[PDB]
There are 2 protein chains.
Amino acid sequence: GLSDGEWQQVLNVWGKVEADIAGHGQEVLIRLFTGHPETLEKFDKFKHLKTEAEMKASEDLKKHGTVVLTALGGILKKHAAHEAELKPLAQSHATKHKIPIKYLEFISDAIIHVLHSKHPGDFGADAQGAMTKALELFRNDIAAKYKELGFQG
Amino acid sequence: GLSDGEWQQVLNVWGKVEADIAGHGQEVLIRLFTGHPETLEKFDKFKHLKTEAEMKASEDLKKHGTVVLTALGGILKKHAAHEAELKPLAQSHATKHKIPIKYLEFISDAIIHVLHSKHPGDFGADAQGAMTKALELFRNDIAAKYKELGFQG
Ligand code: HEM
Ligand code: HEM
Ligand SMILES: [O]
Ligand SMILES: [O]
C-alpha cells in the first residue's frame, strides 16, 4: 500500500498530465505499441498504422490516448480519496482501540439488523444483500491495513 | 463484488440513515452491546451501561453512534465512487477487448517512462516508486474484477 505522502506525489504528477492530456496519451500509446507490438494487434481500429509518422498523424489514436489517461486519472483520484478516509480508521482501530475483525463483523450485523428494523418496507432481501457485501468489502479493506500495520485482527 | 444497482441501493439506504443519524447510531450500538456484551468492554466511557435503558439515556453513547455511522458512510460513498470507475473498465477489458493483465503492466511501464521523460523535475525516485505502486494496485483491482467475471488473461 501507499503512505499519505506517496499518494500526494501521485496526485501532484497527475496535475502535470492534465495540462496536455492529448500529448501524454499519444506518447504513452506509441511507447506501448513500439515496445510491445502485440498490444497494437488488440486495436482493430489502429493495427494498420505501421510508421511512427502514421501513429502521430492518427486523429483517433490521439483521442484514444486522452480517453485512457482521463479514465486512469479518475481511478487514481477516487482510489486516493477512499484511502484518505480508510487509513485513519484502520490506524486507530489497529493501534489504539485494538478491535478484532470479529467485532467489526458484529457491528456489521448490528447495522443490517437496525436497517431491517427501521426500514422493513424498503430494505428488502436485495438491498440487504447489497449492504452485507459492502460491509464485508469494508471489513476486508480494514483487515488488509491491519496486516500492513502488523496488527493481527 | 456489488453490481451497479447494488451500489446505488447502499447509497440510497445511507440517505435514510443520515435523515435520523442520532436514532440509527443509538440503535446500532445498543444492538451491538446487548447482542455481544464483550464489545462494551472496549469502551471505557460506556462499559458500566448494562441495560438498553442506561444505554438509551447516555448522550455520549448517542454522539459516538453518530461518529461511527458518519465515518462508515464516508468510506462507503468513497468506495462506491472508486467502484463506479473501476467496474466499467474491468467489464469492457475482460469481455470485449480481452486485455491480459501483463498488457496493463506494459502500459504502466510506458506511463512511468513518459512521466519521467516529460516531468523529471516532479518525478523523482520516491514519486516514481509511489506511481509504480499505485499502478500495481490498479492492476490488482482489475485482476480481482477479471476473476469475478471468470476471465483469466
Ligand atoms: C491504464 C490502462 C488502461 C485504461 C485506463 C484504459 C481505458 C480505456 C477506456 C476508457 C476505453 C474506452 C471505453 C471502454 O471500452 O472501456 C478503452 C478502450 C479500449 N482499450 Fe483500454 N485502457 C487501458 C489499457 C489497455 C491496454 C493495455 C489495451 C491493449 C493492449 C487496451 C485495449 C483497449 C481497446 C482495444 C479498446 C477499444 C478501443 C476502440 O476500439 O475504440 N486497453 N480503454
Ligand atoms: C463500522 C465500524 C466502525 C467504525 C466506522 C468506527 C468508527 C470510529 C470512529 C470514527 C471513532 C473515533 C475516531 C477514531 O478513534 O478512529 C471510533 C472510536 C472508537 N471505536 Fe470505533 N468504529 C467501528 C467499529 C468499532 C468496534 C466494533 C469497536 C469495539 C467493539 C470500536 C471501538 C472504538 C473505540 C473503543 C473507540 C474510542 C472511543 C472513545 O474512547 O471515545 N469501533 N470508532
Ligand atoms: O485503451
Ligand atoms: O466505534
Side-chain angles (χ1 to χ4, degrees), chain A residues 1 82-120 123-125 127-153, chain B residues 2 6 9-10 13-14 16-79:
Chain A
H82 175 244
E83 288 272 278
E85 292 200 28
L86 190 69
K87 275 169 73 69
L89 190 66
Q91 171 70 36
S92 62
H93 284 64
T95 66
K96 187 177 175 167
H97 314 311
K98 299 177 184 68
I99 305 309
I101 299 295
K102 274 173 180 294
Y103 284 16
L104 298 185
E105 296 168 355
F106 299 156
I107 201 173
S108 296
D109 291 341
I111 292 162
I112 293 152
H113 174 92
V114 167
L115 291 177
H116 179 65
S117 177
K118 296 182 80 57
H119 312 287
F123 189 73
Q128 177 172 326
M131 184 61 67
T132 302
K133 290 167 169 184
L135 293 180
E136 180 178 37
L137 293 183
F138 161 72
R139 291 191 307 277
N140 290 349
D141 284 345
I142 294 296
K145 293 296 200 299
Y146 274 8
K147 157 214 183 52
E148 289 164 39
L149 299 173
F151 177 63
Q152 189 45 269
Chain B
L2 284 75
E6 286 184 308
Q9 283 178 322
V10 168
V13 73
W14 217 264
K16 299 169 157 39
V17 172
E18 292 173 358
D20 175 22
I21 197 160
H24 280 83
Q26 269 187 116
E27 287 185 45
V28 164
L29 292 185
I30 292 173
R31 176 60 180 180
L32 177 67
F33 293 154
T34 60
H36 306 273
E38 66 272 33
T39 63
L40 228 210
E41 289 301 330
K42 282 295 199 190
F43 291 88
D44 299 335
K45 270 196 228 312
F46 302 143
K47 54 172 191 227
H48 63 112
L49 303 170
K50 71 226 73 258
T51 69
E52 173 159 4
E54 282 175 330
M55 288 173 200
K56 206 280 165 61
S58 172
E59 292 315 316
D60 282 358
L61 181 153
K62 177 176 76 192
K63 286 180 184 80
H64 189 63
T66 288
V67 170
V68 168
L69 297 185
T70 302
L72 177 57
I75 292 162
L76 293 175
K77 292 171 191 180
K78 289 299 191 272
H79 195 185

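Note: hydrogens, waters and symmetry copies are ignored here, and every other heavy atom, side chains too, is used. Letters A, B, ... are given to chains in the order of the sequence lines, protein chains preceding strands, and every chain is numbered from 1.
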Query raised in the report: B/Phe43 versus B/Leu49: any side-chain heavy-atom pair under 4.5 Å?
Result: no

Requested in this report: Any chance you could measure B/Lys56, atom NZ, to B/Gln26, atom CD, to the nearest 0.5 Å?
Outcome: 5.0 Å

Query raised in the report: Are any side-chain N or O atoms of A/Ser117 and backbone N or O atoms of A/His113, one a donor and one an acceptor, separated by less than 3.5 Å?
Result: no

Query raised in the report: Is the backbone of B/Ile75 close enough, under 3.5 Å, to the side chain of B/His79 for a donor and an acceptor to pair up by distance?
Result: no

Query raised in the report: Taking side chain as C-beta onward, heavy atoms only, is B/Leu72 less than 4.5 Å from A/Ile111?
Result: yes

Requested in this report: Starting from the C-alpha separation in whole Å, work towards a yes-or-no answer on side-chain contact (heavy atoms from CB on, under 4.5 Å) for B/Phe46 and B/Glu54.
Outcome: CA-CA 10 Å; B/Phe46 302 143; B/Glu54 282 175 330; over 6 Å; no

Report summary line: In this structure, CD of B/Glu27 is separated from CG of B/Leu69 (nearest 0.5 Å) by 10.5 Å

Query - A/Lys96 side-chain N/O to A/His93 backbone N/O, donor-acceptor pair under 3.5 Å - result: no

**Report entry** Heavy-atom check, side chain of A/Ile99 versus side chain of A/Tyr146, under 4.5 Å
**Finding:** yes

Query raised in the report: CG of A/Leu137 to CD1 of A/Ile142: how many Å apart, nearest 0.5 Å?
Result: 12.0 Å

Report task. Step by step, work out the side-chain contact (heavy atoms from CB on, under 4.5 Å) result for B/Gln9 and B/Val13. Result -> CA-CA 6 Å; B/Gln9 283 178 322; B/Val13 73; over 6 Å; no

Report summary line: Correct closest heavy-atom pair for A/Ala134 and B/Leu76 would be CB-CD2, 4.1 Å

Query raised in the report: Side chain of A/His119, backbone of A/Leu115: donor and acceptor closer than 3.5 Å?
Result: no

Query raised in the report: Would you call A/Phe123 and A/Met131 a side-chain contact if the rule is heavy atoms closer than 4.5 Å?
Result: yes

Query - Heavy-atom neighbours of A/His116 NE2 exceed 12 at 6.0 Å - result: no

Query raised in the report: If you round to the nearest 0.5 Å, how far is CD of A/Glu136 from OG of A/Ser108?
Result: 9.0 Å

Requested in this report: Please report the closest heavy-atom contact between A/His82 and B/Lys78, naming both atoms and the distance.
Outcome: CA-CB, 3.7 Å

Requested in this report: Not counting sequence neighbours, which residues clear side chain to side chain contact (heavy atoms under 4.5 Å, CB included) with A/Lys87? List them please.
Outcome: A/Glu83, A/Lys145

Query raised in the report: Taking all atoms of both residues into account, what is the closest heavy-atom pair of B/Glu38 and A/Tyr103, and its distance?
Result: CG-OH, 3.5 Å

**Report entry** For the student: nearest non-hydrogen atoms of A/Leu149 and A/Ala94, plus distance
**Finding:** CD1-CB, 3.8 Å

Report task. Give the minimum heavy-atom separation between B/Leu32 and A/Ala110, together with the two atoms involved. Result -> N-CB, 3.9 Å

Query raised in the report: Side chains of B/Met55 and B/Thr34: closer than 4.5 Å at any heavy-atom pair?
Result: yes

**Report entry** OG1 on B/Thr70 to CH2 on B/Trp14, rounded to 0.5 Å
**Finding:** 9.0 Å

Query raised in the report: How about A/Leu89 and A/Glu85: do any of their side-chain heavy atoms sit closer than 4.5 Å?
Result: no

Query raised in the report: Could you give the distance from NZ (B/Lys63) to NZ (B/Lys45), rounded to the nearest 0.5 Å?
Result: 11.5 Å

Query raised in the report: Is the backbone of A/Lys98 close enough, under 3.5 Å, to the side chain of B/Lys42 for a donor and an acceptor to pair up by distance?
Result: yes

Query raised in the report: Heavy-atom distance under 4.5 Å between the side chains of A/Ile112 and A/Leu135, does that happen here?
Result: yes

**Report entry** Closest approach of A/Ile101 to A/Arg139 (non-hydrogen atoms, all atoms of both residues)
**Finding:** CD1-O, 4.0 Å

**Report entry** Whether over 12 other heavy atoms sit under 6.0 Å from A/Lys147 NZ
**Finding:** no

